[PDB]
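**Student:** Have a look at the structure that comes next, please.
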Amino acid sequence: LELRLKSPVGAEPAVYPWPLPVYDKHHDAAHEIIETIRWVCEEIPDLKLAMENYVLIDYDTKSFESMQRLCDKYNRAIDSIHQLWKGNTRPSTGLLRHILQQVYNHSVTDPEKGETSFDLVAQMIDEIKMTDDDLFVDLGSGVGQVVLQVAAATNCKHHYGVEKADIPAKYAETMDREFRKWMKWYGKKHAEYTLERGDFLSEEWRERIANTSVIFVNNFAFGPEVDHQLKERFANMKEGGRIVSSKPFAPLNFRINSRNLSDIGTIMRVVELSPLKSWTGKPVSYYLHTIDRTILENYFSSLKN
Ligand SMILES: Cc1ncccc1-c1c(Cl)sc2ccc(NC(=O)NCC(=O)NCCCN(C)[C@@H]3CCCN(c4ncnc5c4CC=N5)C3)cc12
């Protein structure tokens, strides 16, 4: 008693047991199956032609037979297309959102222990414009969704996620497995990444932060001691190093003077960025900090002149 979806690239099939799992009040495996089929049909125009029209319209998610017939029709169309062909690119943004949701639903089995975030991360990725020279770190990466989104979208040398908390770091291990598996199932390419359990305030992480060109950090809920210690870690970063955060680490209007020479504002430019400046989501801002020690050098040059 199960349902199978054949991979469009010949990987192992996706196997779902019956009764199908319900993930939450807004997500279930039946709709995940239907949406997976629809995404594969977008990926492969021949597949849409091979598949009969009525199949994705006339379906009963509460009927094993109807869900089985839907899977059988898609599976037969995959076989016909595989036969036609007998004669790895980066996923689209829409497909990537589906993959990340699918990876999360299969990994976070008990959510008690995405949408607006996804589109915001996509905006941040578009603004920062990382290259193969960059090293990316999401400081306090949770279950790893931001790292997975960035790794699937950019060509950074490596993407890292560091998470201290036990429950998220444990779920991240499954998120990592499920992501690699689903990305292979669709035949989609992603850059290298690592989800690690650790403390970003450790001695090991002091040098790693110093050597990171792009840091993303959701610092909104951090205490003043974590924030204070992070500013100290950022003070070792290279010129041009960037920090994208949910709360600024220095004032937007920082003005260097004789009384504030110890502030992080002496060595970084800070700008408030917003998708509102065609966005229709939450009126949210993010903060881009760029390491620039010329702020401090110019102040000293002006003291001597
Ligand atoms: C996109 C977005 N959507 C909604 C709101 C905001 C945003 C947002 C911006 Cl707006 S900018 C931006 C940049 C990055 C990110 N990334 C993530 O969201 N990444 C996932 C995510 O879940 N991030 C939060 C994980 C929090 N953790 C459980 C721990 C809490 C305690 C601390 N901690 C911890 N870890 C390791 N060592 C440690 C510590 C403490 C001391 N030493 C981590 C997000 C955003």
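Residues are referred to by chain and number: the chain letter is A, B, ... according to the order shown in the structure tokens, the number counts from 1 in that chain, and ligands are numbered separately from 1 in the order shown.
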Around ligand 1, out to 6 Å and counting only C-alpha atoms and all ligand atoms, which residues are there? I want them as a PyMOL selection string.

**Tutor:** chain A and resi 117+120-121+138+140-142+144+146+162-165+198-201+216-218+226+244-246+285-286

**Student:** Would you mind writing down, as a short mmCIF file (atom, residue, chain, number, x, y, z; two decimals) with C-alpha atoms, in the first residue's frame, each residue of region 110-248 of chain A that DSSP on the backbone assigns to strand (DSSP E)?

**Tutor:**
```
data_model
loop_
_atom_site.label_atom_id
_atom_site.label_comp_id
_atom_site.auth_asym_id
_atom_site.auth_seq_id
_atom_site.Cartn_x
_atom_site.Cartn_y
_atom_site.Cartn_z
CA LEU A 135 32.50 31.92 0.77
CA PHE A 136 28.98 32.08 2.27
CA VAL A 137 27.98 31.47 5.92
CA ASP A 138 24.48 31.70 7.49
CA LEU A 139 25.32 32.29 11.22
CA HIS A 158 31.17 26.79 -0.50
CA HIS A 159 28.07 27.50 1.59
CA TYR A 160 28.06 26.89 5.32
CA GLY A 161 25.42 26.74 8.00
CA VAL A 162 26.37 26.74 11.71
CA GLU A 163 23.68 25.95 14.32
CA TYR A 193 27.40 23.28 1.12
CA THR A 194 27.82 21.99 4.69
CA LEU A 195 25.31 22.16 7.57
CA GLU A 196 27.30 21.99 10.86
CA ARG A 197 26.41 21.81 14.54
CA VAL A 214 29.53 36.85 2.71
CA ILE A 215 27.78 36.42 6.08
CA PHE A 216 23.98 36.17 6.45
CA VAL A 217 22.70 36.38 10.00
CA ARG A 242 29.68 41.71 3.65
CA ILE A 243 27.13 41.03 6.42
CA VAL A 244 23.39 40.78 5.59
CA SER A 245 21.25 40.86 8.74
#
```

**Student:** So how far away is CA of residue 55 (chain A) from CA of residue 69 (chain A), in Å?

**Tutor:**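 About the pair CA of residue 69 (chain A) and CA of residue 55 (chain A): they are 8.2 Å apart.
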
**Student:** Report the distance between CA of residue 34 (chain A) and CA of residue 49 (chain A) in Å, rounded to one decimal place.

**Tutor:**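 Separating CA of residue 34 (chain A) from CA of residue 49 (chain A) is a distance of 17.0 Å.
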
**Student:** Residue 88 (chain A): which residues within 12 Å, counting only C-alpha atoms, same-chain residues fewer than 4 positions away excluded, as an MDAnalysis selection string?

**Tutor:** chainID A and resid 8:9 43 152 183:191

**Student:** Just write the chosen residues, N, CA and C atoms, as a short mmCIF file (atom, residue, chain, number, x, y, z; two decimals), in the first residue's frame.

**Tutor:**
```cif
data_model
loop_
_atom_site.label_atom_id
_atom_site.label_comp_id
_atom_site.auth_asym_id
_atom_site.auth_seq_id
_atom_site.Cartn_x
_atom_site.Cartn_y
_atom_site.Cartn_z
N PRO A 8 12.17 12.16 -13.39
CA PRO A 8 12.31 12.52 -14.82
C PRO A 8 13.71 12.25 -15.39
N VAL A 9 14.74 12.06 -14.52
CA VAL A 9 16.13 11.82 -14.96
C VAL A 9 16.61 10.38 -14.68
N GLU A 43 9.04 21.52 -16.46
CA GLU A 43 10.44 21.19 -16.76
C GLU A 43 10.55 20.52 -18.14
N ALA A 152 21.57 26.49 -3.94
CA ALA A 152 20.89 26.13 -5.19
C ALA A 152 20.86 27.29 -6.17
N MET A 183 17.12 16.90 -5.10
CA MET A 183 17.81 17.61 -6.18
C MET A 183 18.25 16.63 -7.27
N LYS A 184 18.72 15.43 -6.87
CA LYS A 184 19.09 14.38 -7.82
C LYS A 184 17.84 13.87 -8.55
N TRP A 185 16.71 13.68 -7.82
CA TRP A 185 15.44 13.18 -8.40
C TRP A 185 14.95 14.07 -9.57
N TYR A 186 15.04 15.39 -9.42
CA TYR A 186 14.65 16.36 -10.45
C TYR A 186 15.76 16.58 -11.48
N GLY A 187 16.99 16.17 -11.13
CA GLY A 187 18.18 16.36 -11.96
C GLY A 187 18.66 17.80 -11.93
N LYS A 188 18.58 18.43 -10.75
CA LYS A 188 18.96 19.82 -10.54
C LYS A 188 20.29 19.95 -9.85
N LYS A 189 21.04 20.98 -10.24
CA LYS A 189 22.38 21.27 -9.75
C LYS A 189 22.35 22.28 -8.60
N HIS A 190 23.26 22.10 -7.63
CA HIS A 190 23.45 23.03 -6.51
C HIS A 190 24.94 23.09 -6.25
N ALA A 191 25.39 24.20 -5.66
CA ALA A 191 26.79 24.42 -5.27
C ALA A 191 27.07 23.57 -4.01
#
```

**Student:** Could you pull the residues within 10 Å of residue 94 (chain A), counting only C-alpha atoms, minus those fewer than 4 positions along the same chain, as a list in words?

**Tutor:**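 The residues satisfying every condition are residues 39, 98, 99 and 119 of chain A.
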
**Student:** Write the residues of the selection above to a file with N, CA and C atoms, as an mmCIF file, in the first residue's frame.

**Tutor:**
```
data_model
loop_
_atom_site.group_PDB
_atom_site.id
_atom_site.type_symbol
_atom_site.label_atom_id
_atom_site.label_comp_id
_atom_site.auth_asym_id
_atom_site.auth_seq_id
_atom_site.Cartn_x
_atom_site.Cartn_y
_atom_site.Cartn_z
ATOM 1 N N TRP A 39 5.190 20.423 -11.679
ATOM 2 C CA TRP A 39 6.518 21.028 -11.837
ATOM 3 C C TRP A 39 7.355 20.277 -12.873
ATOM 4 N N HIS A 98 9.315 24.896 -4.205
ATOM 5 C CA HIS A 98 8.639 23.589 -4.078
ATOM 6 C C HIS A 98 9.604 22.555 -3.463
ATOM 7 N N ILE A 99 10.824 22.440 -4.020
ATOM 8 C CA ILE A 99 11.837 21.512 -3.518
ATOM 9 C C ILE A 99 12.131 21.755 -2.037
ATOM 10 N N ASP A 119 10.957 34.376 -0.676
ATOM 11 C CA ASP A 119 10.980 35.511 -1.595
ATOM 12 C C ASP A 119 11.954 36.580 -1.134
#
```
